[PDB]
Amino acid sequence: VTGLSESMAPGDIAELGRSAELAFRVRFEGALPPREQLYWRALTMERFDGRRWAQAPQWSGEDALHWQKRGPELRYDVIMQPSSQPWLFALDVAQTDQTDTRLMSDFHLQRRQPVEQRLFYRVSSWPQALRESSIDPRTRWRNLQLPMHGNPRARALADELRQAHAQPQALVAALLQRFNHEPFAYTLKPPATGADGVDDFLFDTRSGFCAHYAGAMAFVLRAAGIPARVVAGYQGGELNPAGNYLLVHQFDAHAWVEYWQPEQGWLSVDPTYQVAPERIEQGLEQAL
C-alpha cells in the first residue's frame, strides 16, 4: 500500500511524486478554498537523525492549553483509500466525527488502528486557530533536537542568522529569502547527497524535492534556537466538476515546516513556495 509513512529521508516524497494512486477524495459544504490553502496535514516528524525525519510518540492535543478556535470553520467530508497507517488527513486544526480518532499534541489526527479499508469521515477545520501559545517544555525541547555531529555548514548559517535576526519571524523570512534568490531547483529527480545531506543540498546541489526543503529549513531553524518540525501530508488536489469533489493522489504528497514562538504559537511555512510557487498555485502535475 503506497503512501506516507512515519519517517522520510529527502528523496522519499519524490518517490510518491511518481505515483498516481489515489489517496483520498474531499467534498466541501461550501466553495472550494483556494489551492494555496489546501495543506492536508497527515503527521509531524519531530526527530532528525542526520538522514531521516521521523514521527515521535504523542499525547492528547484536544484541550484549551493546546489550542483556541478562531477564524472561519471549514466543513467537509473525506473518503480515504486504505493507507495502512493510523493518520486521517485534514486541514489544520481539525476535528472529526470519528470516535476512534484523536487530535494529538502535534495537531495531527491519530486513529486507534491503521486505515485498512476505505473510510468516510466528516471534518471541521479552523485554519486560523491559535496553536500552543504556551508550549509544553518537553515539546519545546523535542523540537530543538539535532544530532551533535554532521552538517557543520548549516549550523554555521544558523549561527549567522541567529546573530543577525533576534525576532524568529525575521529569521524565518531571511531563510525563505535564501531559497527565493539562490538558484534552487525543485525536481522529482534530485541529485544524491553525502553524509552531510543538509549542507550538500543548501550549499552544493541546491536541488531537491519538498523533503529537502522542509528538512533543511527545519534543521536551520532548530540550529538557530527556534523550535521547528516537519509537517507531512498532501498539498492541493484535482477537481472533478462532474462529481463536485477534489481528488488527492499520491503525487500531491508534500512536506512543509512549522515553527514556534511565544504568544503567536505555531506558524506553518512552506519553503517550496519560494522555489516552485506554480506547484502550490497550479498543483504538481501542472508543474512537474
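In this text, residue numbers run from 1 along the sequence as written.
Enquirer: Which is higher in the entry, the mean Cα B factor of 179-187 or that of 160-168?
Expert: Here the higher of the two C-alpha B-factor means belongs to 160-168.
Enquirer: Averaging C-alpha B-factors over each stretch, which comes out higher, 191-199 or 98-106?
Expert: Mean CA B-factor is higher for 191-199.
Enquirer: With respect to the C-alpha temperature factors reported in the PDB entry, which of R70, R47, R41, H254 ranks highest?
Expert: Most elevated C-alpha B-factor of the set, per the entry: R70.
Enquirer: Checking the entry, which one of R138, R206, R122, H149 has the top C-alpha B factor?
Expert: Of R138, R206, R122, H149, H149 has the highest C-alpha B-factor.
Enquirer: Among the chain's modelled residues, which third holds the C-alpha B-factor of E258?
Expert: As the PDB entry reports it, the C-alpha B-factor of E258 lands in the lowest third of its chain.
Enquirer: Could you look up the Cα B-factor of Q37 in the entry and say which third of the chain it sits in: lowest, middle or highest?
Expert: Its C-alpha B-factor, which the entry lists for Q37, ranks in the middle third among residues of this chain.
Enquirer: Would you please rank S83 by its C-alpha temperature factor against the other modelled residues of its chain and give the third it falls in: lowest, middle or highest?
Expert: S83: CA B-factor falls in the middle third of its chain.
Enquirer: For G225, return the chain-relative third of its C-alpha B-factor as stated in the PDB record: lowest, middle or highest.
Expert: For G225, the deposited C-alpha B-factor lands in the middle third.
Enquirer: How does the C-alpha B factor of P10 compare with the rest of the chain: lowest, middle or highest third?
Expert: Highest third of the chain for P10's C-alpha B-factor.
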